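Here is how the chains run, residue by residue.
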Amino acid sequence: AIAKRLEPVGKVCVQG
Amino acid sequence: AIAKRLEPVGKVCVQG
Amino acid sequence: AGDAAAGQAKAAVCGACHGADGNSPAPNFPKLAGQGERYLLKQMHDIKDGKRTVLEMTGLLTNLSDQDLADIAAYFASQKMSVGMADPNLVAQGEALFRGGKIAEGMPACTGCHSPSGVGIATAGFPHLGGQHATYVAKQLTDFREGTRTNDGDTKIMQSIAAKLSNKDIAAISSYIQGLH
Amino acid sequence: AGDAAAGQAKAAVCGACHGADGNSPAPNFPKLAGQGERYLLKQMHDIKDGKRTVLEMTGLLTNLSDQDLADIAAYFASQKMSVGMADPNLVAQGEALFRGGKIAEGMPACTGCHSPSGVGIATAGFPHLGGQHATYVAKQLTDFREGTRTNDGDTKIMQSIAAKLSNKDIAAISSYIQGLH
Amino acid sequence: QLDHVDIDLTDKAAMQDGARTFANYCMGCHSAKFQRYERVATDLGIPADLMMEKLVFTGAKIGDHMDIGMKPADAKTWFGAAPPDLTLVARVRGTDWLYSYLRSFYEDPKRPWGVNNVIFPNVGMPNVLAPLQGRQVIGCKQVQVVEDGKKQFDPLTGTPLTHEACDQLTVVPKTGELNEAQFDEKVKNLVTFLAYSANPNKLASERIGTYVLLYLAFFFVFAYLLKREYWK
Amino acid sequence: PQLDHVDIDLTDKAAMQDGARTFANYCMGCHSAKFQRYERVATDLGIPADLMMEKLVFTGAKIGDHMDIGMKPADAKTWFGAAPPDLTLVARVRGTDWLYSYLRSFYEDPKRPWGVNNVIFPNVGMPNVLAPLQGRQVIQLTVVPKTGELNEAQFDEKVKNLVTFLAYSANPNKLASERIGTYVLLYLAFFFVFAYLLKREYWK
Ligand code: HEC
Ligand code: HEC
Ligand code: HEC
Ligand code: HEC
Ligand code: HEC
Ligand code: HEC
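Method of structure determination, per the deposited record: cryo-EM was used for this entry, reaching 2.7 Å resolution.

K.L.:
Please explain the site of ligand 6 as it appears in this structure.
P.N.:
Neighbouring ligand 6 are 27 residues, the closest being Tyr39(D), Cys110(D), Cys113(D), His114(D) and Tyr136(D). Residues near ligand 6 are shared among chains D and F, making this a multi-chain site. The contact in question runs from an oxygen atom of ligand 6 to an N or O atom on the side chain of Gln43(D), over 3.3 Å. One nitrogen or oxygen atom from the side chain of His114(D) is found 3.0 Å from a nitrogen atom belonging to ligand 6.

K.L.:
Any chance you could explain the UniProt feature "binding site: heme c 2" (unreviewed entry) in chain C here in plain terms?
P.N.:
Residue and element names in this part refer to chain C. Under the present numbering, the feature "binding site: heme c 2" (unreviewed entry) in UniProt falls on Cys110, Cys113, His114 and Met158. A stretch of 49 residues holds the annotated residues, and the largest C-alpha distance among them is 11.6 Å, short enough that they meet in one place. Of note, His114 is situated in the loop between α5 (88-100) and α6 (134-146). Excluding anything up to four places from it in sequence, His114 contacts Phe98, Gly120, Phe126, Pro127 and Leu129. Tracing the backbone shows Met158 in helix α7 (residues 157-163). When sequence neighbours within four positions are dropped, the list of residues in contact with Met158 reads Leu141, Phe144 and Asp152.

K.L.:
How should the nonpolar core be read in this particular structure?
P.N.:
Burial of nonpolar side chains together is a common tendency in soluble globular proteins. Ranked by internal contacts, the top residues of the largest apolar core, which has 86 residues, are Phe22(E), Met51(E), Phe79(E), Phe193(E) and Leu194(E). Not counting residues up to four positions away in its chain, the partners in contact with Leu194(E) are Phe22(E), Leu86(E), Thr87(E), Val89(E), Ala90(E) and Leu98(E). Counting 84 residues, the second largest nonpolar core, distinct from the first, contains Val137(D), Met158(D), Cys27(F) and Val124(F).

K.L.:
Looking at this structure, how should I read the coordination of the iron atom of ligand 1?
P.N.:
By definition of the ideal shapes, four donors in a tetrahedron about a metal sit 109.5 degrees apart, and six donors in an octahedron sit 90 or 180 degrees apart. In this structure the iron atom of ligand 1 is ligated by exactly one protein donor, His30(E) (NE2), at 1.9 Å. You can see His30(E) is positioned in the loop between α1 (12-26) and β1 (32-36).

K.L.:
Sorry, what's going on with the interface of chain B and chain D here?
P.N.:
If you look at the interface, chain B gives eight residues, while chain D gives 15 residues. Surface buried jointly by chain B and chain D totals about 960 Å² across both partners, of which 66% is contributed by carbon and sulfur atoms. Contact with chain D buries surface across chain B, with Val12(B), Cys13(B) and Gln15(B) losing the most and accounting together for 49% of the total. At the surface where chain B touches chain D, the tally comes to zero salt bridges. Linking chain B with chain D are four residue pairs in polar contact, by the criterion used here. Class assignment of the residues belonging to the side of chain B that touches chain D gives a composition of five nonpolar, two polar and one charged.

K.L.:
Is there a simple way to think about the arrangement of the chains in this case?
P.N.:
The smallest C-alpha distance separating chain A from chain F is 35 Å, and no contact links them. The two units chain E and chain F never meet; even their closest C-alpha atoms stay 19 Å apart.

K.L.:
Is there a simple way to think about the packing of helix α1 (residues 13-27) of chain F against helix α8 (residues 152-170) of chain F in this case?
P.N.:
Packed helices, taken two at a time, are described by the angle between their axes plus the distance between the axes. Residues and elements named next belong to chain F. Axis separation between α1 and α8 bottoms out at 7 Å; the angle between their running directions is 95°. It follows that α1 is roughly perpendicular to α8 by the angle criterion. From α1, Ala15, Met16, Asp18, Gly19, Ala20, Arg21, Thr22, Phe23 and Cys27 reach across to α8, where they touch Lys158, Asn161, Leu162, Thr164, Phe165, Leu166 and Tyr168. Residue composition of the contact of α1 with α8, grouped by class: nine nonpolar, four polar and three charged.

K.L.:
Help me understand the state of the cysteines, please; the structure alone is not making it clear to me.
P.N.:
Any covalent bond linking the sulfur atoms of two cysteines counts as a disulfide. Here the structure, examined in full by the defined rule, presents one disulfide over all chains. Free of any disulfide, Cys13(B) has its nearest neighbouring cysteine sulfur in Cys110(D), separated by 18 Å. Here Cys13(B) falls in the partly exposed class, since its relative accessible area comes to 25%.

K.L.:
I'm lost on the site of ligand 3 in this one. Help?
P.N.:
Residue and element names in this part refer to chain D. Around ligand 3 sit 22 residues, and of these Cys14, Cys17, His18, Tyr39 and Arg52 come closest. For ligand 3, an oxygen atom lies 2.7 Å from a polar atom in the side chain of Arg52. In the model, an oxygen atom of ligand 3 is placed 2.9 Å from a nitrogen or oxygen of the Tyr136 side chain. When contributions to the shell around ligand 3 are tallied by element, the ones reaching two or more residues are α2 (15-18), α3 (37-49) and α6 (134-146). Per-element tally for the shell around ligand 3: the top contributor is α3, with four residues. Tallied by class, residues from the shell around ligand 3 come to 16 nonpolar, three polar and three charged. Taken together, domain 1 (1-82) and domain 2 (83-181) each give at least three residues to the shell around ligand 3, which thus spans both.

K.L.:
Looking at this model, I keep getting lost on the domain arrangement of chain C. Mind explaining?
P.N.:
Interfaces are often described in size by the accessible area the parts lose on coming together. Residue and element names in this part refer to chain C. Domain assignment breaks chain C into domain 1 (1-82) and domain 2 (83-181). Each side of the interface is counted separately: domain 1 has 20 residues, and domain 2 has 19 residues. Summed over both partners, the interface of domain 1 with domain 2 comes to about 1,500 Å²; 48% of that surface belongs to carbon and sulfur atoms. Looking at the side of domain 1 facing domain 2, the largest losses of area belong to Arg38, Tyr39 and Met81, adding up to 31% of the total buried there. Our count for the domain 1 to domain 2 interface comes out at zero salt bridges. Counting every contact that joins domain 1 to domain 2 gives 13 residue pairs in polar contact. Looking at the side of domain 1 that touches domain 2 residue by residue, the class counts come to seven nonpolar, seven polar and six charged.

K.L.:
Sorry, what's going on with the UniProt feature "binding site: heme c" (unreviewed entry) in chain E here?
P.N.:
Residue and element names in this part refer to chain E. In the UniProt entry, the feature "binding site: heme c" (unreviewed entry) is given for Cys26, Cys29 and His30. The residue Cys26 is located in helix α1 in this model. Among the residues examined, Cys26 registers a relative accessible area of 11% and is labelled buried.

Definitions and cut-offs
Residues numbered from 1 in each chain as written, not as in the entry; some residues may be left out. Chains lettered and ligands numbered in written order. Part of a larger assembly, values for the part shown. Heavy atoms only, no water. Near = heavy atom within 4 Å. Polar contact = N/O pair within 3.5 Å; in protein donor to acceptor, adjacent residues only side chain to side chain. UniProt positions renumbered as here; feature names shortened; annotations may be inferred. Helix = DSSP H or I, 4+ residues; strand = E, 2+ residues; numbered from the N terminus. Contact = heavy atoms within 4.5 Å. Core = buried A, V, L, I, M, F, W, Y, C linked by side-chain atoms within 4.5 Å. Buried < 20%, exposed > 50% of the residue type's maximum accessible area, 1.4 Å probe, protein only. Donors = N, O, S within 2.8 Å, 3.2 Å for Na, K, Ca; no water. Buried area = accessible area lost by both parts, 1.4 Å probe. Salt bridge = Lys/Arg side-chain N within 4 Å of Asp/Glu carboxyl O. Nonpolar A, V, L, I, M, F, W, Y, C, P; charged D, E, K, R; others polar. Axes fitted to C-alpha atoms, helices over the stretch in contact; angles between N-to-C directions. Parallel < 35°, antiparallel > 145°, perpendicular 65-115°, else oblique. Disulfide = S-S within 2.5 Å. Domains from an automatic or database assignment.

Structure (structure tokens):
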């Protein structure tokens, strides 16, 4: 619950 | 006199 | 403000290098899709006036008027930049640099002026970065570091910021930005 | 310790690239004349064992024993490095960096480990710099900065120091070192 | 004219969302250097590992201050004004001022960063929450009709009775991730976290003060009796 | 160890100027003098401010700045195995005789990391940075002939001037201290005469 609340805004799409 | 006494050790050759 | 509808027609010549919608397929050509209209217009004016040197664009903007440039910038800003993929071996370092900067060296994080998601600030002219080609982003960071690109203004925002990035840092952050969204 | 007399005969093959007396004519080849014997021997052994990669030297030291390398190093140390000229447009910045380093960035001045005149410290293994080819010094600083050259030890002395040098800083300091004596 | 916001410092979830917003959208330029990640995690109820993974982007330790890489002098040169440290900004400006300021950015081409602020006119801050709020402009929109404080709501639906006004902050539709209520909640959580950061001892202060006042009332009873008696 | 005595003269402006030159060129590479300012050194040594900036300020600092250096203590401690201490107060920490014997006691010792050892400071982490001037000194200490710019007397004079500058740096107030103390003691003797006479008069 806290982890979802604290998710960083920037999402990076990575190879594999 | 003082200027000679304080001359930096490192001497550099320069083009022209 | 420019007209995206007319910019689409006026941007056909550009689509040869940047792609029809502004999502260039080749890494060395930047993606203009989704880029801030203010930033796009500033870059096009700089290239017209020689403030930014793009040899591949020699004479392409000379015949385009201010309204044509505004229309093209609006058309490209009306698109969506496709998101690339970050190198797994570099994504950690690039992410750390982008989100945190360097406290010790006093380098800012990129998440302030460019959003945490890399969308930039369109009104402020801070360019969209997320999804931009890693090769192009690395080239721009190198050019800022060496002073090759100086159209960031007298304040030298990006010249100063890139002065603190090593080549490995530049590569890692470019790879991270390529996949950032 | 090595014997300079025998080293002269043993060092003839090297003179093709580094010059008969160790004062190489070509900028890309380092001058070995007047270089510290300890530093020369360390570099020879590092190139032999792969700690330092010199493609042009591939296999040249494989057949040379420890005594032969010591003799060659002693011969080259007995010589006197020739002094080049510094670029007038770069001598000021290079001199500033060499003598004062960077207070703000924490980069040391080079006059400590390398003498104020660039003669190095022979006993400590700190190489003689003054009069070395500007191109070679720039390449060495670039390799240290990029981690290409890592034979400076676990302390990473020169890697750490060169991490703080920009390309312009490297160019200016290399020119000054070439003119230095 | 500021807008009131009811900030609940006992809401751990709201403070957590505010901390996430601050760490992502604000610590790019603003430090919270008088405040440690460890204390923020302890007070917000965030596990230390979770705080490390989710809110510490600068490579700092858990016990380190919320410092950022952007130096005040560099940022003053770049923006025209140094982004102040935001640890105490809730105390410096108040929570209502912050709530109104972070929701009052509107496009203004005459300005260096293309935006201005109703609360902080000619502010040097770029509108960094534009992606969330969306494009906000000084235009015409429906505002509740008021006549000398006579505020009209709809008796049946309970919604305001509105008339058009052309000097109002209006968000251009479909320009931001969050609607007006969602951005209001985001800004409320951020200002709640800033209020906590400015005064991290508030809740403990209230508890300790309650106990102190109870003890002092007890002691006052005894001292008053010892006085009135012995004064006979 | 047994130290060599050196008579340090803090009134010798020329000697202190030569010592400042040697410190700026050969010692500020690794050592800071961060507790003194270039301006005060220039004023006390009789060096004009422009001359001081041109000849002794290599770091790009202002005349009024502390004599800081780029080499950070942590990096130097990593590199040399020991941090080069700030030398502003070293003449008070060690004394001028110890410094004079130490800077002349470097000899070649291959077993050591930097190829040298010191009689005064065994197993010291300093590289022999004055080897170009003194020459190759080997073990009793003897200098290999035709290995340094200076002979024994010239190098002794160089080290003496450097140690004199270090002594001034440790105690920049010594000359003013003596000048002021002379007058203070004269006034105190003058006042003692009056106080003693007053006490004698009252105690009759
Ligand atoms: C979360 C998105 C943020 C919040 C909340 C705040 N900031 Fe900023 N900011 C920036 C600058 C250059 C300034 C100075 C402008 C000026 O002085 O004219 C500011 C100012 C503020 C203030 C005003 C504080 C005061 O006492 O007046 C507040 C309350 C504030 N900021 C809150 C720049 C930036 C920035 C760089 C792009 C970012 C990412 C943020 N600000 C983020 C936030
Ligand atoms: C190939 C012949 C090109 C055509 C046709 C157009 N552009 Fe381009 N452009 C090209 C390159 C190789 C680059 C990158 C330069 C560099 O420094 O690496 C660019 C760059 C731009 C930019 C800057 C993008 C940014 O900073 O994010 C803009 C705004 C731009 N180009 C606009 C533009 C327009 C309007 C064009 C049609 C009139 C156009 N480009 C054509 C190569 C080529
Ligand atoms: C050309 C085919 C070469 C011959 C013949 C020899 N060397 Fe060389 N050397 C060469 C290059 C291009 C370089 C520089 C490598 C780099 O990283 O840029 C070198 C370098 C050295 C060094 C290091 C000198 C220094 O300043 O650190 C040493 C000690 C050295 N080489 C020794 C050496 C000896 C003993 C040789 C004969 C057996 C010899 N070199 C031949 C190219 C060439
Ligand atoms: C880097 C190449 C150095 C330069 C140039 C000089 N010194 Fe140094 N010094 C250096 C180190 C790493 C150390 C510590 C050695 C250890 O084992 O602790 C020192 C130490 C000294 C000292 C000793 C001071 C003390 O122990 O309190 C003195 C007096 C000293 N150094 C003097 C000195 C002088 C006069 C120099 C210029 C001639 C000089 N140092 C240069 C590293 C380096
Ligand atoms: C504060 C303002 C910053 C911050 C902290 C960073 N950048 Fe960015 N940047 C900024 C501006 C004003 C501009 C526009 C420059 C111009 O008008 O010519 C840029 C631009 C870039 C670019 C070029 C984008 C493109 O060519 O499409 C890149 C690649 C870039 N910036 C990267 C970058 C990185 C990696 C940062 C953190 C290390 C970073 N920026 C921070 C302003 C600012
Ligand atoms: C003290 C530690 C220093 C500092 C302050 C500087 N250097 Fe130098 N350096 C040092 C060592 C121990 C070595 C040997 C590296 C090895 O064993 O491989 C070097 C070497 C160099 C070289 C290589 C020269 C050559 O290949 O012949 C160069 C070019 C060099 N160092 C340059 C340099 C510069 C420009 C400095 C100031 C910015 C500098 N060094 C400082 C030790 C030390």
